[PDB]
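Spelled out, the chains give:
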Amino acid sequence: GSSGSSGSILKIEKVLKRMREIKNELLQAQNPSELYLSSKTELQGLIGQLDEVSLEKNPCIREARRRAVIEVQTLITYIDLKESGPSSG
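Cut-offs applied
Residues numbered from 1 in each chain as written, not as in the entry; some residues may be left out. Heavy atoms only, no water. Salt bridge = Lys/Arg side-chain N within 4 Å of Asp/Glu carboxyl O. Helix = DSSP H or I, 4+ residues; strand = E, 2+ residues; numbered from the N terminus. Buried < 20%, exposed > 50% of the residue type's maximum accessible area, 1.4 Å probe, protein only. Expected span 1.5 Å × (residues − 1). Arc of directions from axis to C-beta. Contact = heavy atoms within 4.5 Å.

Method information in the entry identifies solution NMR as the source of the structure.

Asker: Which parts of the structure should I look at to understand the pattern of salt bridges?
Answerer: A side chain of one charge can pair with a side chain of the opposite charge if their charged atoms are brought near each other. Inspection of every chain in the model, using the stated rule, returns 2 salt bridges. Between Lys-11 and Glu-52 there is a salt bridge, with its nearest N and O atoms 3.7 Å apart. Pair noted here: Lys-11 is in helix 1 (residues 10–28) and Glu-52 is in the loop between helix 2 (35–50) and helix 3 (59–83), with a separation of 41 residues, a long-range link. Judged by relative accessible area, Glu-52 falls into the exposed class, the value being 58%. Between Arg-18 and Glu-21 there is a salt bridge; the shortest N-O distance is 3.2 Å.

Asker: Honestly, helix 2 in this entry has me stumped. Any pointers?
Answerer: Along an α-helix, a turn takes 3.6 residues, which lines up residues three or four apart on a common side. Given a rise of 1.5 Å per residue, 16 residues ought to cover 22 Å, and the 23 Å separating the end C-alpha atoms of helix 2 matches this to within 8%. When we look at burial in helix 2, the residues that qualify are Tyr-36, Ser-39, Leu-43, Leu-46 and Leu-50. Angular distribution of buried residues about the axis of helix 2 spans 95°; they occupy a single face of the element. Facing away from the buried side of helix 2 by over 90 degrees, the exposed positions are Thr-41 and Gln-44. Packing partners of the buried residues in helix 2 comprise helix 1 and helix 3.

This is the structure in C-alpha cells:
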C-alpha cells in the first residue's frame, strides 16, 4: 500500500492542476499566435485522463469528472473563438 500509483481522485486533480498553469502561461504570453496551437493541444490531452474515471458507482465521480470537463473545455473553446476571425474589418 503505497500512495502515488493508485487513486481515482488524484488522477483528476491533475486534469485541473495543469489547466490552471496553462491559462497563466497563455495570459503572460505576448505573442500566443503560436500557443493557441500548443496550449490547446495540451489541454485536450488532460481531459483524456478523465476517461479513466469514467462514470463510476459513485456521485463524487460523475460530478467531479463532469465539472472538470467543463473546467478544461472552457479554455479549449476560448481559444478557437480567438483563432478564427473576420478577414475584413
